[PDB]
A.B. asks: 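This is the structure I want to talk about, given as C-alpha cells.
Here is the naming used below: chain letters follow the sequence lines, and residue numbers restart at 1 for every chain. First listed ligand is number 1; within each ligand, the first listed atom is number 1. Atoms considered below: every heavy atom in the structure, side chains included; atoms not considered: hydrogens, waters and symmetry mates.
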Amino acid sequence: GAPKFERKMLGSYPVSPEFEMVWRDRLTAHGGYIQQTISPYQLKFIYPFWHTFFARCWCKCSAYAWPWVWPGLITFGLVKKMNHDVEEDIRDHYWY
Amino acid sequence: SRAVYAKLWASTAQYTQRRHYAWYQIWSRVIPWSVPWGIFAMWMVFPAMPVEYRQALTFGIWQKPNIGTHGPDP
Amino acid sequence: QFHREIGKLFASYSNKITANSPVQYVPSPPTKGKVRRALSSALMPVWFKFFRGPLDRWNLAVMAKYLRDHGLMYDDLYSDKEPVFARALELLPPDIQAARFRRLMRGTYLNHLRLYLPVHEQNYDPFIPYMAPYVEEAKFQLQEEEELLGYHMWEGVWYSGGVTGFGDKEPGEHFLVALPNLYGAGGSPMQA
Amino acid sequence: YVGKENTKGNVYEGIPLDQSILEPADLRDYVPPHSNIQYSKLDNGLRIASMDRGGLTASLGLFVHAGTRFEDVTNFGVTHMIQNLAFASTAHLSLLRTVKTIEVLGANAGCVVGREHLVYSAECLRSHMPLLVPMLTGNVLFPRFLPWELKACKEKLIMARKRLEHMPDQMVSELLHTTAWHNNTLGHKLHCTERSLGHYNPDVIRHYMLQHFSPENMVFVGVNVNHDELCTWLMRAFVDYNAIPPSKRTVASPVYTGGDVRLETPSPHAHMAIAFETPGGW
Amino acid sequence: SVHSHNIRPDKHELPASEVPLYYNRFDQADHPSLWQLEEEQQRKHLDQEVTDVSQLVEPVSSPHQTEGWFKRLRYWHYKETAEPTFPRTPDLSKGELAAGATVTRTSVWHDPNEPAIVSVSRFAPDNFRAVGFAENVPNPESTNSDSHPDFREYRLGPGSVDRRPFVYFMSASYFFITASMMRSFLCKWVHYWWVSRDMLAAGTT
Amino acid sequence: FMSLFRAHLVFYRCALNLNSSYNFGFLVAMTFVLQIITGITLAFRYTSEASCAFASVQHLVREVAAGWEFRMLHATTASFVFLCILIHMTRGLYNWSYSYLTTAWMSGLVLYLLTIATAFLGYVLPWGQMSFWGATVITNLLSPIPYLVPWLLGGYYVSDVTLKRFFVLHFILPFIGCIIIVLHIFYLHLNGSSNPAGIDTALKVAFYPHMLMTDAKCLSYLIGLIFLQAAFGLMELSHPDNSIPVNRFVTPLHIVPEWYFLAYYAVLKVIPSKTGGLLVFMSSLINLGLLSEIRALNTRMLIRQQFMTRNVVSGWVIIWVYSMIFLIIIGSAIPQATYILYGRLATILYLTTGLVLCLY
Amino acid sequence: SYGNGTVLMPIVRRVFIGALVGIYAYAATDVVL
Ligand SMILES: CCCCCCCCCCCCCCCCCC(=O)OC[C@H](COP(=O)([O-])OCC(O)COP(=O)([O-])OC[C@@H](COC(=O)CCCCCCCCCCCCCCCCC)OC(=O)CCCCCCCCCCCCCCCCC)OC(=O)CCCCCCCCCCCCCCCCC
Ligand SMILES: CCCCCCCCCCCCCCCCCC(=O)OC[C@H](COP(=O)([O-])OCC(O)COP(=O)([O-])OC[C@@H](COC(=O)CCCCCCCCCCCCCCCCC)OC(=O)CCCCCCCCCCCCCCCCC)OC(=O)CCCCCCCCCCCCCCCCC
Ligand SMILES: CCCCCCCCCCCCCCCCCC(=O)OC[C@H](COP(=O)([O-])OCC(O)COP(=O)([O-])OC[C@@H](COC(=O)CCCCCCCCCCCCCCCCC)OC(=O)CCCCCCCCCCCCCCCCC)OC(=O)CCCCCCCCCCCCCCCCC
Ligand SMILES: CCCCCCCCCCCCCCCCCC(=O)OC[C@H](COP(=O)([O-])OCC(O)COP(=O)([O-])OC[C@@H](COC(=O)CCCCCCCCCCCCCCCCC)OC(=O)CCCCCCCCCCCCCCCCC)OC(=O)CCCCCCCCCCCCCCCCC
Ligand SMILES: CCCCCCCCCCCCCCCCCC(=O)OC[C@H](COP(=O)([O-])OCC(O)COP(=O)([O-])OC[C@@H](COC(=O)CCCCCCCCCCCCCCCCC)OC(=O)CCCCCCCCCCCCCCCCC)OC(=O)CCCCCCCCCCCCCCCCC
Ligand code: HEM
Ligand code: HEM
Ligand SMILES: COc1cc2[nH]c(C)c(-c3ccc(Oc4ccc(OC(F)(F)F)cc4)cc3)c(=O)c2cc1Cl
Ligand SMILES: [Mg+2]
C-alpha cells in the first residue's frame, strides 16, 4: 500500500469493507489537478488505435532491437556452426 | 563541551558487536530444543535399521521380540 | 557460570576496539591490494580506451534518452517503499513535492500511449540530484533510532493485539494474522 | 554492555542484612563540607552560585529572565512554545539521543515557564554533573528549531489550557491575574490559545530569544556540587562558540486596574475570591 | 439480529385484551415510589419455616387453560397476536390490566374529578403490579445455599503439602503415553508404505 | 465473502500503463481450472492397475463418446501450463519485481515446484514405454540421497504398486496448489502490483471494467489455441514411443522427456559426475530464492528500471533465455562428442547468468 | 530493522549464501586443487 503519511484521511466516515483496498493506497494530490473525461458512447474508439499506429510501432520496435535481436542472431549463427562441425566429425571417424 | 559531546557520540559505536552478543544470548536459549526433536527422530528410524545396529546403540539391552513363532527347524 | 566466561571474551575484544579508536576523522584504508592496483594501472590505457570507456558512455546515453522520452528525472525512479526514501519524501517542501507528483503522472500516461515527446520538450539535464539534502538527513534520523532502540532481540506476547509478537507494529501484515474478524464490518487502523 | 569483564558475581550471597560486610578501609573521620554559598562569574556575564551539603544527589538549574510579561500582541504564546521544545535537537545533539541518555543516567529534567522567569532543571547523581551541563545549556546556545519537530509538538500545545479548565484553583488564579492587570505585564496569560497558532514558526521564536536570552540575563545554580568543578565545566560549554549578544531593554511598569469576572461551570460549590494590590511587590 | 417477530392476526389465538391466559388481577399505584412501602410492610412466605412438600403454598393460578389435540404442555402466559383497531376496555374494578393498546385506543383513563394530564400519568407500566408480587418473588442473596458445601470445606490451608510436583507429573504422564501412541501409528503407516510379504519372497531365488 | 470479491476484483486500483505482460497470472490459474475439470472426468474411466492401465486409456478414446476430447485437452493444456509459467517468471526477472514483492516471489517458487512434481506424476499414468523408462531414469538421479527411491516405488523396480500411488498423489497435489494460490495473492495485494516503467504513480484506475476486459481478451486466445492444437495436431508435443506397451527387458533407442524438462535434463547430461550434477540442481534453486533478499546484498539503493531499452549490452534474463533454447536443442539430439562440447559451453552461460543477477 | 516483523527472511538469506559457498568450494577441490 501507500506510505503512512499519505494514507492519512481528511474525513471521518468509516471505511466500508468493499473499499478496504482503495483506501490502503490513498495518495495526496500535491498541487491539485483538473480532469476531463468523455463518455465512451460519444467517442470513436477504433480509429485512434490506427491513427497512432506508426508512432507506437516505431517506439516498441526501436526499444527491442539491440537487446533482443542482436543476441538472437548470434545464437542462430552458433547453431549453424555447431551442426557443420557435427557432420564433418562423423565422416572423419566412420567414412572411408 | 566538545569532549563531552564526543563521548556521547561514541557510546553507540559498537552496534555490530552488540548485535552479535544478542545472537549468542538467543541461540543459547533455543539450542536445547534439539534434544527432544532428536530423540523423536532416532525413535522413528530405529526399526528401519539392521538388527546388528539396533543392539549396539542400546548396549545389548534391546533384543528381538519373543512372541512364540518362527522357531528353529528340527 | 558458563555465561560469565563467554561474556569475558566478548568484553576483551570490545575493550580492544575502544582503545584503538581515533578521536577525529581519518581516511579509510585502500580496499584493493597493491598487486591488484598495479595490474589495473598497467592495463588501464588499453582496457579503458576500447572497453570500459565506451561502456560508461553508452550507459549514460541509454539512460538519458529513456528518461527524456518520458519527461522524467533520474531521482523519480526511486520508490516510496524504501524506509529511507519514504522519510525523505516527508521532509520535502511543497514546491518540490508538487513537481514530482506532476512528472510521475505525465510519465505513466506517456508509457501507456508509447509516444515520444517532441525534441524541444527534451532539452534538460535529467541527472540533477534534487533529493540529496533530504536523503542524508533521513539516513541520520533512522541510524539513531536503530542504535538507541534496536540493539537487542526483544521478546513479546505472541499473536496478541493484531500483530505476531516478533516485532511488527502495524496489524494484519502477515498471513498468520490474516482475517481479523468473522462478523461485523471491520475497520481501518488509520481510524483508531 | 558487550559482555562483562568481572566474573565474581554476588560476593555477598547468603549474608543477611542484620550483619555488616564493611571493612576497616571503608571507615573515615567525618569532615563537614562547605555549606555556605559561593559566587562566581564568567567573562560573558553568566553568574554562578553553588552550595554543598554533602549529599549524593545534586540539583542543577538554569534561570532565564524571559517570562510572559515581556510578550506582545504579535508574540502571545512564544514562551510556552519554548518550554515545550526544551531538550529538542541542538547543533551537537539530537532530540532522541538527549532524552534517551538522560533516562539511562537515572536523572530527571524539565522546563517550567512563569510570568517573570523560565527555568531548566535536572537532578542526578553528583558524579554525572559534567554530562548534564551541556544538555541544559544547549537549549539557549544553539537550538535548531526544525520544522518537523515543531509540527510534532503542536498537539501538546493546546491540551494545556484544556487540562487547566478541570483544575479550579489554577483557574481562579489565572482569572485573578488577567483581571488585576488588564492587558499588560503581569496580566498576560501563561499558555497559548488557538489564536497563538498563527505565529508558531521558527523566525518568531528566534527573534524573541535574541532579545532576552543573553548571558547577562541568566543565573546558574547547583546544590551538592564542588564549586570549582562546576565553574570549569560551565566555562568549557561557552568557550568555543558565540553566545547571543547583550541588549538594553526597558522594563514597563505594571498598571493595576482591578475589576470583576465570572465563569459559570458545573460544580457543587461557589468559588469566590476578592483581592487588592500590594504596592512595590518584592 | 436475524430473528423476526410474529405479530399477526389469528382466528384461534384471540388477542390478550380478550383472553389473557395469565391471571388478570393487578394493583395500581399513583406513583411507583410507593412500592417501596409495600415491600417493607408486607410479609414474605420465604421467611416462614416449612419442612414438608405438602405444606408449600398453593398457587393462585389455575391449571386448566390451554387445550387441544396433541398439546403436551398445558400452561402458558404471553402471545404475539395483533390487537384490533377498537380493543375491549379493561374493567379496573375487577383488577384488569391496562397497558399498551388498551391505554391508547380506549377511554379507560378518564377521571371526572382530575385533569387528563394527571390521570394518564398513572398508567405507565411501572404503575401496575400483579397480586402476590411482594409475598412471593424471590431476591437471592447468593448463588450458594447454606445447605450445600463450598470452598471452605475443601481448601488446603496452613500445614498442607505442596501440590505442584503432583499436578505436573499427572500431565507429563498423559503426554508420554500419548507420544508413544503417536509414534506407533506413524511406524505402522510407514510399514504399510513399504514392500509387502508377497513381493519380498519373489526377490529371493 | 462478497465484500472480499468486490474489494479485490472490482474496486482494486491499478496503474494505467499495464499491458499483456501482466495478464499471464490469470491464464495460469485458468489452466489449473481446466485441468481439474478434465482430470476428474478422466478419472471416472481410468484404471490404475498396471496390467490394464494402458488399455483403459485406449478404450476410452476408441469407444466412449467424446472420450477423445477430454484426453487430448488434458494433454495439450499441460503444455500451455508451462509456457504461461515461463512467460510469467520472465516478466519478473525483466522488471526486478522481487525487489519489493518478496514473499510473492518465494510463494511462486513453491507453486512452480508443485507443478513440476504434478506433471511428472501424470506422465507415468498412461503406462507406455516412455512412462516406465523415464521414471526409472529420473528416479535414479536421486540415488545419491540414501533410500529416497526404493520407498517411493514400494518395490525393487517401477512395478505395479508405484502406479497406484502416483495416481493418488496426482489426484491430490493440484488442490493443495489451489490453497497456495490464495497465499500468493495475499502477499501480492499486501504491497500492490508494479508497472512496466518501474515508477510510483497516482495515475491509477479501477480493475473493473478497464483491466477486467484485457484478461477476458487473452482468455479467448488461450481457449482458441488450445482447441486448435488439440483437435488438429499441428505440433508434436508427445513422444511416439508412449504408444507402445511397456517392456521391462527392451530399452527404447532414444529416451527423452517432455520439452519443458529437456533443458535441465541436458545440463545434467553433460556433467559426467552424478553427485556433482545434483549439487548443480540445488545451487540453481538457491539462487532463485536468494533474489527475495536482493535489497540487502549491496548498500547502494536499487531501482526497478533496468534500462534494457536500446541497450547493446542486453540483460541477463535475455541471455539466459537463449541459453535455455540452445540446450533444448542439445537435449533432443543423439549423444555425440561435438554436441557435448557445445552443451558444456551453454551450461556455463546457463548457470553464470543466474549468479550475476545477485550483483549490482 | 526495528519496527517490522520480517524475521525469517534474514535467516534464509544467510543459510542460502553459506550453502552456495560450500557447493562451489567442494567442486573446485575435486577438479582444480
Ligand atoms: C489476419 C487476421 C487478423 C484480422 C485481419 C487484419 C486486421 C485488420 C482487418 C481490417 C479491420 C480494420 C478496418 C479499418 C478500420 C475500421 C474502423 C475505423 O475506424 O475505420 C475508419 C477510420 C476512418 O473513419 P472515420 O470517418 O474517421 O470514423 C468512422 C467511424 O465512425 C469511427 O468509429 P470508431 O473508431 O468508434 O469505430 C467504428 C466501428 C464501426 O465499424 C463498422 O463499420 C461496424 C461493422 C460491424 C461488423 C463488425 C465486424 C464483425 C465481423 C465478424 C466476422 C463475420 C461474421 C458474420 C458471419 C461470417 C460467416 C463466414 O469499427 C468497428 O467496430 C470495426 C469492425 C471491424 C473489426 C475487424 C474485423 C476483422 C476480422 C473479420 C473476419 C472475422 C475473423 C475471421 C474468422 C471468420 C472466418 C474464418 O479509418 C481507420 O480507422 C483507418 C483505417 C486503416 C487501418 C487498417 C489497417 C489494415 C492493415 C493492417 C493489418 C494487416 C494484417 C495483419 C498484420 C499483422 C499480423 C502479421
Ligand atoms: C502420580 C500419577 C501416577 C499415575 C500412575 C503411573 C503413570 C505411569 C504409568 C505408565 C505405564 C505405561 C503405560 C503405557 C505406555 C506404553 C504403551 C504405549 O503407549 O504404546 C503405544 C501403543 C503400542 O505401542 P507399541 O508400538 O506396541 O510399542 C512397541 C515398542 O515401542 C517397541 O519399540 P522398538 O523395539 O521398536 O524400539 C525400542 C528401542 C528404541 O530405541 C531408540 O529408538 C533409540 C535407542 C538408542 C539410544 C541411544 C542413546 C545414546 C545416548 C546415551 C546417553 C547416556 C547418558 C548417560 C549419562 C550418565 C550420567 C551419570 O528402545 C530400546 O531398545 C530400549 C532403550 C534402551 C537403551 C537406554 C537408553 C534409552 C534412550 C535414552 C535417551 C535419553 C534420555 C534422557 C534425555 C535427557 C538428558 C540428556 O500404540 C497405541 O496404542 C496406538 C493407538 C493409536 C493412536 C492414535 C493416535 C492418533 C491418530 C490420529 C493422528 C492425527 C490427529 C492428530 C492427533 C494428535 C494427538 C496428540
Ligand atoms: C366398523 C369399524 C370401524 C373402525 C374405525 C374406527 C371407528 C370408531 C367409531 C367411534 C364412534 C364412537 C366414538 C366417537 C368419538 C368422537 C370424538 C370426537 O370427534 O371428538 C368430540 C369432541 C370434539 O370437541 P373438541 O372441542 O374438539 O375437543 C377436543 C379436545 O379438546 C382434545 O384436546 P384436550 O386437551 O381435551 O385433550 C388432550 C389431548 C392432548 O393430550 C396429550 O398430548 C397427552 C398425551 C400423553 C401421552 C403419554 C404416553 C406415554 C406412554 C407411551 C407408551 C410407549 C409408546 C412408544 C413405544 C412404541 C414402540 C413401538 O389428548 C389427545 O390429543 C388425545 C390423543 C388421542 C389419540 C388417539 C388416536 C387413535 C388412532 C387410532 C388409529 C386411527 C387410524 C390411523 C391410520 C391408519 C392407516 C390409514 O372431543 C371430545 O370431547 C374429546 C373426545 C376424545 C376421544 C378420543 C378417543 C376416541 C376413541 C374412539 C374409538 C376408537 C376405536 C379404534 C379401534 C376400533 C377397533 C374395532
Ligand atoms: C492476412 C494474411 C496472413 C498474415 C496475417 C497473420 C495471419 C495469422 C493470424 C492473425 C495473427 C494476428 C492477429 C492480430 C493480433 C492482435 C493481438 C496482438 O498483436 O497481440 C500482441 C499483444 C502484445 O501485447 P501488448 O500489450 O500490445 O504489448 C506488450 C509489450 O510488448 C510488453 O513489453 P514491455 O516493454 O511492456 O515489457 C518488457 C518485457 C517484459 O517481459 C515480458 O513481457 C515477458 C517476456 C517477453 C518475451 C517473450 C520471449 C521469452 C520466452 C521464450 C519462450 C521459449 C519457448 C520454449 C520452446 C522453444 C522451442 C525451440 O517484454 C518484452 O521485452 C517484450 C518484447 C519481446 C520482443 C521479442 C523480440 C524477438 C526477437 C527475435 C530475433 C530473432 C533473431 C534470429 C533470426 C533468424 C532468422 C533470420 O499480445 C497480446 O495481445 C496477447 C494475446 C495472446 C495471449 C497469450 C495466449 C497464448 C499463449 C502462447 C503464446 C505466448 C506468447 C504471446 C505473446 C506475449 C507477449 C508479451
Ligand atoms: C484467506 C482468504 C481467502 C478465503 C479463505 C481461504 C482458506 C484457505 C487458506 C488456508 C487455510 C488453512 C491454513 C493453511 C496454513 C498453511 C501454513 C501457513 O500459512 O504458513 C505460512 C508461513 C508464513 O507465515 P507468515 O505469518 O506470513 O510469516 C511468518 C513470519 O512471522 C514472518 O516471516 P517472513 O515474512 O520473514 O518470511 C516468510 C517466508 C519464509 O520463507 C521461507 O522460510 C522459505 C519457504 C520456502 C522454501 C522453499 C522454496 C524454494 C527455495 C529454494 C530451494 C531450497 C531447497 C532446500 C535446501 C536449502 C539449503 C539448505 O515465507 C514465505 O515466503 C511464504 C511461502 C509460502 C509457503 C507455503 C507452504 C505451506 C506448506 C506446504 C508445502 C507444500 C510443498 C509442495 C511442493 C514441493 C513438492 C516436492 O510460511 C512459513 O513460514 C512456512 C514455510 C514452509 C516452506 C515449505 C517448503 C517446501 C519445499 C522446500 C523445497 C524442497 C525442494 C526439493 C526438491 C527435490 C527434487 C527431487
Ligand atoms: C495442473 C494440474 C494437472 C496437470 C499439469 C496434469 C498433467 C497430466 C499429464 C501430463 C498427464 C499425462 C497425459 C498423457 O500423456 O496421456 C496426465 C494424465 C492424467 N491426469 Fe492430469 N494433470 C493435472 C490435473 C489432474 C487432476 C486434478 C486429475 C484428477 C483429479 C487428473 C487426472 C489425470 C488422469 C486420470 C490421467 C491419466 C489419463 C491420461 O494419461 O490421459 N489430472 N495429467
Ligand atoms: C499456479 C501458478 C501461479 C499463479 C496462478 C499465479 C498468479 C498470479 C497472478 C494472478 C498475478 C497478478 C497478475 C499478474 O501479474 O500476472 C501474479 C503476480 C505475480 N506473480 Fe504469479 N502466479 C503463479 C506462479 C508464479 C511464479 C512461478 C512466480 C515466480 C517464480 C510468481 C511471481 C509473481 C510475481 C513476482 C508477481 C507480481 C508481479 C508484479 O506485480 O510485478 N508467480 N501471479
Ligand atoms: C533467469 O531466468 C530463469 C532462470 C531459471 N532457472 C532455473 C534453474 C529454472 C528451473 C527450476 C527448476 C527446474 O526443475 C527441474 C525439473 C526437472 C529436472 O530434471 C529433469 F531431468 F529435467 F527432469 C530438473 C529440474 C527446472 C528449471 C527455471 O525455470 C528458470 C526460469 C527462468 Cl525465466
Ligand atoms: Mg541495496
A.B. asks: Classify the contact between F:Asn95 and ligand 7 as side chain, backbone, both or neither, using a heavy-atom distance cut-off of under 4.0 Å.
C.D. replies: neither
A.B. asks: Measure from NZ or CZ of A:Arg56 to the centre of the six-membered ring of A:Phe49 and say whether it is under 6.0 Å with the direction within 45° of the ring axis.
C.D. replies: yes
A.B. asks: Can you report which non-hydrogen protein atom sits closest to atom 28 (O) of ligand 4, along with the distance?
C.D. replies: A:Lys60 NZ, 3.5 Å
A.B. asks: Any protein heavy atom sitting closer than 4.0 Å to atom 53 (C) of ligand 5?
C.D. replies: yes
A.B. asks: Can you tell me which residue and heavy atom of the protein come closest to atom 27 (C) of ligand 7, and the distance to 0.1 Å?
C.D. replies: F:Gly108 O, 3.3 Å
A.B. asks: Report the nearest protein non-hydrogen atom to atom 6 (C) of ligand 7: residue, atom name, distance rounded to 0.1 Å.
C.D. replies: F:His184 CD2, 3.7 Å
A.B. asks: Does the pair C:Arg114/C:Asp69 count as a salt bridge with the N-to-O cut at 4.0 Å?
C.D. replies: no
A.B. asks: F:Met308: heavy atom below 4.0 Å from ligand 4, yes or no?
C.D. replies: no
A.B. asks: Please work out which of F:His8, F:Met106, C:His174 has its closest non-hydrogen atom nearest to atom 63 (O) of ligand 5.
C.D. replies: F:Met106
A.B. asks: Among A:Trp68, F:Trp259, F:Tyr94, F:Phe24, which one has a heavy atom closest to atom 38 (C) of ligand 4?
C.D. replies: F:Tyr94
A.B. asks: I'd like to know if A:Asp25 and F:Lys204 make a salt bridge, using a cut-off of under 4.0 Å between side-chain N and carboxylate O.
C.D. replies: yes
A.B. asks: Among all protein non-hydrogen atoms, which one is nearest to atom 25 (C) of ligand 7, and what is the separation to 0.1 Å?
C.D. replies: F:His88 CD2, 3.3 Å
A.B. asks: Can you find an N or O of F:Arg91 that's nearer than 3.5 Å to an N or O of ligand 4?
C.D. replies: no
A.B. asks: What protein heavy atom lies closest to atom 11 (C) of ligand 7? Include the residue and the distance to one decimal.
C.D. replies: F:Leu188 CD2, 4.1 Å
A.B. asks: State if C:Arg114 counts as touching ligand 4 under the rule of any non-hydrogen atom under 4.0 Å.
C.D. replies: yes
A.B. asks: Does F:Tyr22 have a heavy atom less than 4.0 Å from any atom of ligand 7?
C.D. replies: yes
A.B. asks: Has F:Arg91 got its NZ or CZ under 6.0 Å from the middle of the six-membered ring of F:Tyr22, at an angle within 45 degrees of the ring axis?
C.D. replies: yes
A.B. asks: Mind checking whether A:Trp68 and F:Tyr322 have parallel, tilted or perpendicular rings, split at 30° and 60°?
C.D. replies: perpendicular
A.B. asks: Can you report which non-hydrogen protein atom sits closest to atom 76 (C) of ligand 4, along with the distance?
C.D. replies: A:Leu73 CD2, 3.8 Å
